[PDB]
Each structure stands twice: as C-alpha cells, then as structure tokens.
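Asks: Pasting a structure below so you can have a look.
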Amino acid sequence: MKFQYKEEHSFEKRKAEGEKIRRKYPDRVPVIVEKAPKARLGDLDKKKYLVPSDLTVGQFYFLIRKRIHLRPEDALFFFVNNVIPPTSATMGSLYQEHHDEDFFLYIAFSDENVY
C-alpha cells in the first residue's frame with residue numbers, strides 16, 4: 001500500500017514518533033488515513049489521528065465519513081494491508097495486528113470495495 005505520509009516523512013522520524021506516542025498513551029493508537037489513488041471521493045484535511053484503543057472500527061468509519069462530508073447513503077470502505085477490516089473490531093486490536101514498523105497504523109479509504 002502506498003502512502004503520501006510515508007514518502008513525506010523520513011522513516012526514522014516516523015518510527016520515533018509512533019514509538020513515543022505509544023509510550024505516552026498506551027490507551028490510544030496512532031493512525032494514518034489517506035484516500036486510495038483515484039477513489040471518487042473528497043480527501044481528508046487531517047491525515048494523522050490518535051484514537052482511543054476502545055473505539056470500534058465502525059465508530060471510526062463514522063468519524064472519517066463526517067470529516068469528508070459524506071451523505072449517509074454514500075459508500076465507504078477502509079483497507080488495512082489491502083484487507084477490509086470488520087466494523088466490530090476495536091481500533092486497539094486492529095492496531096496490534098496490523099501496525100507498521102513505524103508504529104503507525106495505516107488505513108486507505110475508497111468508495112469501492114477493492115479500488
């Protein structure tokens with residue numbers, strides 16, 4: 001998966017921040033959210049989130065949908081490691097299982113279920 005955020009920050013800088021964030025808040029998780037190339041959607045102002053580990057994936061869908069000014073009828077899909085995570089997962093367990101070596105978790109979003 002390709003992320004602007006990874007290309008615009010040195011990996012060492014990214015890793016040292018993920019690492020300290022996780023030391024300072026073990027009940028929060030650092031997440032990067034970006035639009036997959038050519039989704040037919042607005043993009044997010046804010047890329048970088050520190051979400052409480054108890055928030056569900058379904059509840060984060062909802063905050064990301066507000067931030068891009070979706071109507072409730074428009075589709076949205078998340079992809080972590082090219083896999084669509086379930087809404088019933090917590091952001092904590094999703095982080096534990098799928099975080100980057102830089103200690104961020106990366107989510108791509110689209111209007112399509114693969115694209």
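How things are named: the first chain in the structure tokens is A, the next is B, and so on; residues count from 1 in each chain; ligands count from 1 in the order shown.
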With a distance cut-off of 9 Å and only C-alpha atoms, select the neighbouring residues of segment 42-57 of chain A, excluding the residue or stretch itself and same-chain residues fewer than 4 positions from it, and output the selection as a ChimeraX atom specification.
Replies: /A:5,21,25-35,61-62,64,67-70,85-95
Asks: Hey, what does DSSP flag as strand (DSSP E) within chain A? Can you give it to me as a ChimeraX atom specification?
Replies: /A:28-35,48-52,77-79,105-110
Asks: Kindly save the residues from that selection, with N, CA, C and O atoms included, as a tab-separated table (two decimals), in the first residue's frame.
Replies:
```tsv
chain	number	residue	atom	x	y	z
A	28	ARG	N	-4.26	4.83	23.63
A	28	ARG	CA	-4.57	5.45	22.36
A	28	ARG	C	-3.74	4.82	21.24
A	28	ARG	O	-2.70	4.22	21.49
A	29	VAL	N	-4.20	4.93	20.00
A	29	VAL	CA	-3.42	4.35	18.89
A	29	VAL	C	-3.21	5.35	17.78
A	29	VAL	O	-4.18	6.04	17.37
A	30	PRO	N	-1.96	5.45	17.24
A	30	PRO	CA	-1.70	6.41	16.15
A	30	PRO	C	-2.09	5.88	14.78
A	30	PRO	O	-1.69	4.77	14.39
A	31	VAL	N	-2.91	6.63	14.06
A	31	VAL	CA	-3.39	6.14	12.78
A	31	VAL	C	-3.25	7.15	11.64
A	31	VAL	O	-3.44	8.36	11.84
A	32	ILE	N	-2.79	6.67	10.48
A	32	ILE	CA	-2.78	7.48	9.27
A	32	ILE	C	-3.91	7.00	8.32
A	32	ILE	O	-4.01	5.80	8.03
A	33	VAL	N	-4.75	7.93	7.88
A	33	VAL	CA	-5.87	7.67	6.96
A	33	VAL	C	-5.67	8.53	5.67
A	33	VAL	O	-5.51	9.76	5.77
A	34	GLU	N	-5.63	7.90	4.50
A	34	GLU	CA	-5.49	8.59	3.22
A	34	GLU	C	-6.41	7.94	2.22
A	34	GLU	O	-6.69	6.73	2.32
A	35	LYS	N	-6.81	8.73	1.21
A	35	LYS	CA	-7.63	8.23	0.11
A	35	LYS	C	-6.77	7.39	-0.86
A	35	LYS	O	-5.76	7.85	-1.34
A	48	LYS	N	-3.64	12.46	10.32
A	48	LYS	CA	-2.97	11.84	11.47
A	48	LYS	C	-3.85	11.88	12.70
A	48	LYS	O	-4.20	12.97	13.16
A	49	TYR	N	-4.20	10.70	13.24
A	49	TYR	CA	-5.20	10.58	14.34
A	49	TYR	C	-4.57	9.81	15.49
A	49	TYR	O	-3.67	8.98	15.27
A	50	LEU	N	-4.99	10.13	16.70
A	50	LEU	CA	-4.56	9.40	17.90
A	50	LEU	C	-5.87	8.96	18.50
A	50	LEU	O	-6.50	9.76	19.15
A	51	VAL	N	-6.32	7.74	18.23
A	51	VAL	CA	-7.68	7.32	18.56
A	51	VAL	C	-7.65	6.43	19.80
A	51	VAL	O	-6.62	5.79	20.07
A	52	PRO	N	-8.70	6.48	20.64
A	52	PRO	CA	-8.65	5.65	21.84
A	52	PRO	C	-8.72	4.22	21.35
A	52	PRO	O	-9.51	3.93	20.44
A	77	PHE	N	-15.36	2.35	2.19
A	77	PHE	CA	-14.58	1.21	2.58
A	77	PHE	C	-13.22	1.62	3.08
A	77	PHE	O	-12.58	2.49	2.44
A	78	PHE	N	-12.79	0.98	4.20
A	78	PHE	CA	-11.43	1.04	4.74
A	78	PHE	C	-10.60	-0.19	4.27
A	78	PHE	O	-11.14	-1.30	4.15
A	79	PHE	N	-9.29	0.01	4.05
A	79	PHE	CA	-8.40	-1.10	3.71
A	79	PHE	C	-7.16	-0.92	4.59
A	79	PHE	O	-6.52	0.16	4.56
A	105	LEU	N	-0.64	2.88	12.49
A	105	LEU	CA	-1.45	2.03	11.67
A	105	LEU	C	-1.94	2.89	10.48
A	105	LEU	O	-2.30	4.06	10.67
A	106	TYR	N	-1.94	2.29	9.29
A	106	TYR	CA	-2.29	2.95	8.03
A	106	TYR	C	-3.59	2.40	7.46
A	106	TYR	O	-3.72	1.19	7.25
A	107	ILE	N	-4.54	3.30	7.21
A	107	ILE	CA	-5.81	2.94	6.60
A	107	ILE	C	-5.96	3.74	5.31
A	107	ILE	O	-5.86	4.96	5.29
A	108	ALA	N	-6.20	3.04	4.22
A	108	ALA	CA	-6.64	3.67	2.99
A	108	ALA	C	-8.17	3.67	2.87
A	108	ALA	O	-8.81	2.76	3.33
A	109	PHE	N	-8.77	4.70	2.28
A	109	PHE	CA	-10.20	4.65	2.08
A	109	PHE	C	-10.62	4.84	0.61
A	109	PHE	O	-9.91	5.44	-0.17
A	110	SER	N	-11.75	4.25	0.24
A	110	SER	CA	-12.33	4.37	-1.10
A	110	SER	C	-13.85	4.28	-1.02
A	110	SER	O	-14.40	3.87	0.02
```
Asks: From the set A:75, A:23, A:1, A:80, which residue has the shortest atom-to-atom contact distance to residue 39 of chain A, counting only C-alpha atoms?
Replies: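 Using only C-alpha atoms, the shortest distance to residue 39 of chain A belongs to A:75.
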Asks: When you draw a straight line from atom CA of residue 111 of chain A to atom CA of residue 36 of chain A, how long is it in Å?
Replies: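 Pair atom CA of residue 111 of chain A / atom CA of residue 36 of chain A returns 9.4 Å.
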Asks: I need the residues in chain A that are alpha helix (DSSP H) according to DSSP; give them as a VMD selection string.
Replies: chain A and resid 4 to 8 11 to 24 57 to 67 91 to 98
